[PDB]
file input.txt (compact mmCIF, C-alpha atoms)
# COMPACT_ATOMS: atom_id res chain seq x y z
CA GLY A 2 0.00 0.00 0.00
CA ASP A 3 0.92 3.69 0.07
CA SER A 4 4.70 3.96 -0.28
CA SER A 5 6.32 5.33 -3.44
CA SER A 6 7.16 2.14 -5.34
CA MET A 7 5.25 0.62 -8.26
CA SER A 8 1.47 0.40 -7.98
CA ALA A 9 -0.78 -1.98 -6.05
CA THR A 10 -3.01 -2.40 -9.09
CA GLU A 11 0.05 -3.29 -11.15
CA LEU A 12 0.74 -6.30 -8.93
CA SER A 13 -2.92 -7.29 -9.22
CA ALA A 14 -2.61 -7.50 -13.00
CA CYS A 15 0.03 -10.21 -12.67
CA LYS A 16 -1.40 -12.07 -9.68
CA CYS A 17 -0.26 -15.69 -9.44
CA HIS A 18 -0.99 -17.04 -5.96
CA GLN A 19 2.43 -17.14 -4.33
CA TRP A 20 2.17 -13.39 -3.75
CA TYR A 21 0.86 -13.96 -0.23
CA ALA A 22 3.82 -16.26 0.32
CA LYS A 23 5.99 -13.19 -0.23
CA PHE A 24 3.91 -11.47 2.43
CA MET A 25 4.58 -14.04 5.14
CA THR A 26 8.04 -14.53 3.66
CA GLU A 27 8.72 -10.80 3.98
CA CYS A 28 8.37 -8.91 7.27
CA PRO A 29 8.18 -10.33 10.83
CA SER A 30 5.56 -12.98 10.08
CA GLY A 31 3.59 -14.24 13.07
CA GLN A 32 0.19 -12.51 13.25
CA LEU A 33 -0.77 -9.21 11.65
CA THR A 34 -2.09 -6.32 13.74
CA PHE A 35 -4.51 -3.66 12.51
CA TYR A 36 -1.65 -1.21 11.90
CA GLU A 37 0.42 -3.76 9.99
CA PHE A 38 -2.68 -4.92 8.14
CA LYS A 39 -3.79 -1.41 7.21
CA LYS A 40 -0.43 -0.78 5.51
CA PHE A 41 -0.62 -4.05 3.59
CA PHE A 42 -3.99 -2.79 2.27
CA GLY A 43 -5.30 0.52 0.85
CA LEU A 44 -8.63 2.36 1.30
CA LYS A 45 -10.38 5.74 1.33
CA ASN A 46 -12.37 6.48 4.49
CA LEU A 47 -14.47 9.49 5.52
CA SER A 48 -16.97 8.80 8.32
CA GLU A 49 -19.13 5.94 9.66
CA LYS A 50 -18.06 3.71 6.75
CA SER A 51 -14.68 4.23 8.35
CA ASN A 52 -15.44 1.98 11.31
CA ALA A 53 -17.48 -0.20 8.98
CA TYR A 54 -14.68 -0.92 6.52
CA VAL A 55 -12.31 -1.74 9.33
CA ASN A 56 -14.76 -3.58 11.50
CA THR A 57 -16.36 -5.25 8.50
CA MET A 58 -13.08 -6.37 6.97
CA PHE A 59 -11.47 -7.33 10.26
CA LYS A 60 -14.73 -8.83 11.52
CA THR A 61 -15.01 -11.21 8.55
CA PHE A 62 -11.35 -12.22 8.67
CA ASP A 63 -11.41 -12.23 12.48
CA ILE A 64 -12.35 -15.88 11.99
CA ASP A 65 -13.90 -16.64 15.38
CA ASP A 66 -11.26 -14.70 17.32
CA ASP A 67 -10.46 -10.99 16.99
CA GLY A 68 -8.04 -8.20 17.91
CA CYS A 69 -5.51 -9.48 15.38
CA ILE A 70 -5.18 -11.20 12.01
CA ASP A 71 -3.95 -14.80 11.99
CA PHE A 72 -2.42 -15.58 8.61
CA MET A 73 -3.68 -18.97 7.40
CA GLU A 74 -6.43 -18.67 4.80
CA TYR A 75 -4.73 -15.70 3.16
CA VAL A 76 -3.60 -18.04 0.38
CA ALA A 77 -7.16 -19.31 0.03
CA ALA A 78 -8.29 -15.70 -0.29
CA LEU A 79 -5.92 -15.30 -3.22
CA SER A 80 -7.39 -18.47 -4.73
CA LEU A 81 -10.71 -16.69 -4.26
CA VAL A 82 -10.27 -14.83 -7.55
CA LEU A 83 -7.26 -16.67 -8.99
CA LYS A 84 -8.25 -19.39 -11.48
CA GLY A 85 -11.93 -18.67 -10.85
CA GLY A 86 -12.14 -20.97 -7.84
CA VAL A 87 -15.94 -21.08 -7.81
CA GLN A 88 -16.07 -23.64 -5.02
CA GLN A 89 -13.51 -21.59 -3.09
CA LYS A 90 -15.56 -18.38 -3.34
CA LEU A 91 -18.51 -20.47 -2.27
CA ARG A 92 -16.95 -21.40 1.04
CA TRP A 93 -15.86 -17.80 1.60
CA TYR A 94 -19.34 -16.61 0.76
CA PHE A 95 -20.80 -18.53 3.73
CA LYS A 96 -17.69 -17.91 5.85
CA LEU A 97 -18.02 -14.20 5.18
CA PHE A 98 -21.56 -13.03 5.96
CA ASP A 99 -22.41 -15.19 8.98
CA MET A 100 -21.87 -14.34 12.64
CA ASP A 101 -18.29 -14.21 13.93
CA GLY A 102 -17.82 -17.93 14.63
CA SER A 103 -21.50 -18.91 14.40
CA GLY A 104 -22.38 -20.42 11.02
CA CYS A 105 -26.04 -20.52 12.04
CA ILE A 106 -28.12 -17.84 10.32
CA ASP A 107 -30.61 -16.02 12.52
CA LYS A 108 -31.94 -13.99 9.60
CA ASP A 109 -31.77 -10.74 11.56
CA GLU A 110 -28.15 -11.33 12.59
CA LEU A 111 -27.02 -12.35 9.11
CA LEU A 112 -28.86 -9.45 7.54
CA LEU A 113 -26.76 -7.04 9.58
CA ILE A 114 -23.63 -8.98 8.74
CA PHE A 115 -24.37 -8.82 5.00
CA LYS A 116 -24.81 -5.08 5.50
CA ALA A 117 -21.20 -4.82 6.66
CA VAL A 118 -20.05 -6.71 3.57
CA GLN A 119 -22.20 -4.48 1.40
CA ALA A 120 -21.07 -1.61 3.60
CA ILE A 121 -17.59 -2.30 2.25
CA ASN A 122 -18.44 0.19 -0.48
CA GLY A 123 -17.74 3.84 0.33
CA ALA A 124 -19.51 4.80 -2.88
CA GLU A 125 -23.06 3.68 -3.57
CA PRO A 126 -22.80 0.10 -4.96
CA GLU A 127 -24.48 -0.71 -8.26
CA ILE A 128 -26.43 -3.39 -6.43
CA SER A 129 -25.99 -4.02 -2.69
CA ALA A 130 -26.16 -7.64 -1.55
CA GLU A 131 -28.48 -6.63 1.27
CA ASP A 132 -31.53 -6.54 -1.02
CA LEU A 133 -30.29 -9.65 -2.80
CA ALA A 134 -29.95 -11.57 0.46
CA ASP A 135 -33.40 -10.42 1.51
CA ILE A 136 -35.04 -11.71 -1.67
CA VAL A 137 -33.04 -14.94 -1.61
CA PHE A 138 -33.24 -15.24 2.16
CA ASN A 139 -37.03 -14.88 2.21
CA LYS A 140 -37.42 -17.56 -0.46
CA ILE A 141 -35.18 -19.92 1.50
CA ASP A 142 -37.30 -19.62 4.64
CA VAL A 143 -40.45 -21.14 3.15
CA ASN A 144 -41.53 -22.65 6.47
CA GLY A 145 -40.94 -19.33 8.25
CA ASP A 146 -38.25 -20.94 10.40
CA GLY A 147 -36.62 -17.56 11.02
CA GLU A 148 -33.20 -19.20 10.96
CA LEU A 149 -31.07 -20.91 8.31
CA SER A 150 -28.42 -23.59 8.76
CA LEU A 151 -25.16 -23.78 6.83
CA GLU A 152 -26.85 -25.98 4.22
CA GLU A 153 -29.57 -23.41 3.50
CA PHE A 154 -27.00 -20.67 2.96
CA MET A 155 -25.18 -22.91 0.48
CA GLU A 156 -28.36 -23.47 -1.54
CA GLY A 157 -28.95 -19.73 -1.61
CA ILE A 158 -25.37 -19.20 -2.75
CA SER A 159 -25.76 -21.62 -5.66
CA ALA A 160 -29.29 -20.46 -6.46
CA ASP A 161 -29.62 -17.71 -9.08
CA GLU A 162 -25.86 -17.91 -9.71
CA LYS A 163 -26.00 -14.48 -11.35
CA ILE A 164 -26.34 -12.66 -8.03
CA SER A 165 -23.68 -14.84 -6.44
CA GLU A 166 -21.41 -13.90 -9.34
CA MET A 167 -21.98 -10.25 -8.49
CA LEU A 168 -20.87 -10.95 -4.93
CA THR A 169 -17.91 -12.77 -6.44
CA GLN A 170 -17.02 -9.60 -8.33
CA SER A 171 -17.21 -7.65 -5.08
CA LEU A 172 -14.76 -10.14 -3.62
CA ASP A 173 -12.02 -8.95 -5.97
CA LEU A 174 -8.34 -8.45 -5.13
CA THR A 175 -7.46 -4.78 -5.52
CA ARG A 176 -10.98 -3.81 -4.46
CA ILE A 177 -10.80 -6.13 -1.47
CA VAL A 178 -7.46 -4.65 -0.44
CA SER A 179 -8.84 -1.12 -0.71
CA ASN A 180 -11.88 -2.27 1.23
CA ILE A 181 -9.60 -3.67 3.94
CA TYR A 182 -7.99 -0.31 4.86
CA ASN A 183 -5.85 2.60 3.68
call {"tool": "encode", "arguments": {"input": "input.txt", "output": "structure tokens"}}
result
Amino acid sequence: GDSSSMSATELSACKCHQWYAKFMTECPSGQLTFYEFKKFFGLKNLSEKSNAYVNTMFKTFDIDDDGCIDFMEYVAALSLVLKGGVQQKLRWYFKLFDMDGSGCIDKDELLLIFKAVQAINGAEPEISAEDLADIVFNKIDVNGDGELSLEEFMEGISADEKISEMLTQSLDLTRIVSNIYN
């Protein structure tokens, strides 16, 4: 990020997969703090979205725990866009959107979570996932359960496909980095 060497987008154009290896390979690897993370990623804040792009990005990657970033799935994240990786973006989809470490969907709780993910856009998104999730979410809960298990979320992810692809596009590389933090 920042700095005065080459461009972040330039690296994105190449993108192979081992890039993250360079990350852990370079610098004092062993857990990344918010300050160290923020440098590794760019972003343009202003107000509320400020705490939403940090909390939303850190909250999704907080994987159960929080207060720091534990490098582990970072490679998987790269595989998220690299070589398509449809199945890989599938797992992330569910992983990112649900409660901290609770895969169970309470409808109301997920909704808010999806808002953070859709809140990852400082500018007004062409189509927020919030409305998408609502339409898809409502259809999923045919029995009016009010809650959806991991399996239901997976069906919703596969269903429509087109929307899911849009979410996939949101889960880009340069955009994701910018979303992470300045």
call {"tool": "residues_around", "arguments": {"input": "input.txt", "residues": "residue 120 (chain A)", "least_positions_apart": "4", "cutoff": "12 Å", "atoms": "only C-alpha atoms", "output": "PyMOL selection string"}}
result
chain A and resi 46+49-58+98+112-116+124-126+128-131+171+180-181
call {"tool": "residues_around", "arguments": {"input": "input.txt", "residues": "region 20-30 of chain A", "least_positions_apart": "2", "cutoff": "10 Å", "atoms": "all atoms listed in the file", "output": "ChimeraX atom specification"}}
result
/A:12-13,15-18,32-33,37,41,71-73,75-79
call {"tool": "atom_distance", "arguments": {"input": "input.txt", "atom1": "CA of residue 11 (chain A)", "atom2": "CA of residue 91 (chain A)"}}
result
26.8 Å
call {"tool": "closest_residue", "arguments": {"input": "input.txt", "among": "A:96, A:176, A:39, A:45", "to": "residue 65 (chain A)", "atoms": "only C-alpha atoms"}}
result
A:96
call {"tool": "residues_near_point", "arguments": {"input": "input.txt", "point": "(-22.5, -17.3, -0.7)", "cutoff": "12 Å", "atoms": "all atoms listed in the file", "output": "PyMOL selection string"}}
result
chain A and resi 87-99+111+115+118+130+133-134+137-138+151-169+171-172
call {"tool": "atom_distance", "arguments": {"input": "input.txt", "atom1": "CA of residue 43 (chain A)", "atom2": "CA of residue 68 (chain A)"}}
result
19.4 Å
call {"tool": "atom_distance", "arguments": {"input": "input.txt", "atom1": "CA of residue 175 (chain A)", "atom2": "CA of residue 121 (chain A)"}}
result
13.0 Å
call {"tool": "closest_residue", "arguments": {"input": "input.txt", "among": "A:85, A:31, A:42, A:5", "to": "residue 70 (chain A)", "atoms": "all atoms listed in the file"}}
result
A:31
call {"tool": "build_atoms", "arguments": {"input": "input.txt", "residues": "region 123-141 of chain A", "atoms": "N, CA, C and O atoms", "output": "compact mmCIF listing (two decimals), keeping the file's coordinate frame"}}
result
# COMPACT_ATOMS: atom_id res chain seq x y z
N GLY A 123 -17.61 2.44 -0.06
CA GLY A 123 -17.74 3.84 0.33
C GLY A 123 -18.72 4.54 -0.59
O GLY A 123 -19.58 5.31 -0.15
N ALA A 124 -18.61 4.23 -1.88
CA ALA A 124 -19.51 4.80 -2.88
C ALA A 124 -20.74 3.92 -2.97
O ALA A 124 -20.70 2.75 -2.59
N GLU A 125 -21.85 4.47 -3.46
CA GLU A 125 -23.06 3.68 -3.57
C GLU A 125 -22.86 2.54 -4.56
O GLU A 125 -22.61 2.77 -5.75
N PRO A 126 -22.96 1.32 -4.10
CA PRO A 126 -22.80 0.10 -4.96
C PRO A 126 -23.85 0.03 -6.05
O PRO A 126 -24.97 0.51 -5.87
N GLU A 127 -23.51 -0.58 -7.18
CA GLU A 127 -24.48 -0.71 -8.26
C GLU A 127 -25.67 -1.50 -7.75
O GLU A 127 -26.82 -1.12 -7.98
N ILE A 128 -25.38 -2.57 -7.01
CA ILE A 128 -26.43 -3.39 -6.43
C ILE A 128 -25.94 -4.03 -5.13
O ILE A 128 -25.16 -4.98 -5.15
N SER A 129 -26.39 -3.49 -3.99
CA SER A 129 -25.99 -4.02 -2.69
C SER A 129 -26.50 -5.45 -2.53
O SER A 129 -27.53 -5.81 -3.09
N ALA A 130 -25.77 -6.25 -1.77
CA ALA A 130 -26.16 -7.64 -1.55
C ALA A 130 -27.28 -7.73 -0.52
O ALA A 130 -27.95 -8.75 -0.40
N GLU A 131 -27.46 -6.65 0.24
CA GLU A 131 -28.48 -6.63 1.27
C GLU A 131 -29.86 -6.97 0.69
O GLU A 131 -30.55 -7.85 1.19
N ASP A 132 -30.24 -6.27 -0.38
CA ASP A 132 -31.53 -6.54 -1.02
C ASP A 132 -31.55 -7.95 -1.61
O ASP A 132 -32.55 -8.66 -1.55
N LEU A 133 -30.41 -8.33 -2.19
CA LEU A 133 -30.29 -9.65 -2.80
C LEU A 133 -30.53 -10.72 -1.74
O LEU A 133 -31.32 -11.65 -1.94
N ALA A 134 -29.82 -10.60 -0.62
CA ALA A 134 -29.95 -11.57 0.46
C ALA A 134 -31.38 -11.62 0.96
O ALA A 134 -31.89 -12.69 1.29
N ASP A 135 -32.03 -10.47 1.04
CA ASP A 135 -33.40 -10.42 1.51
C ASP A 135 -34.32 -11.22 0.60
O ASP A 135 -35.12 -12.03 1.06
N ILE A 136 -34.21 -10.99 -0.71
CA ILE A 136 -35.04 -11.71 -1.67
C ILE A 136 -34.74 -13.21 -1.62
O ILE A 136 -35.65 -14.03 -1.54
N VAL A 137 -33.46 -13.54 -1.66
CA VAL A 137 -33.04 -14.94 -1.61
C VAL A 137 -33.33 -15.55 -0.25
O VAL A 137 -33.77 -16.69 -0.14
N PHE A 138 -33.04 -14.78 0.80
CA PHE A 138 -33.24 -15.24 2.16
C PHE A 138 -34.71 -15.57 2.42
O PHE A 138 -35.03 -16.61 3.00
N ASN A 139 -35.60 -14.67 2.00
CA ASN A 139 -37.03 -14.88 2.21
C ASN A 139 -37.50 -16.16 1.52
O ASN A 139 -38.27 -16.93 2.09
N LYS A 140 -37.04 -16.37 0.29
CA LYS A 140 -37.42 -17.56 -0.46
C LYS A 140 -36.95 -18.83 0.24
O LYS A 140 -37.65 -19.84 0.27
N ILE A 141 -35.74 -18.77 0.81
CA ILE A 141 -35.18 -19.92 1.50
C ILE A 141 -36.04 -20.33 2.69
O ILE A 141 -36.31 -21.51 2.90
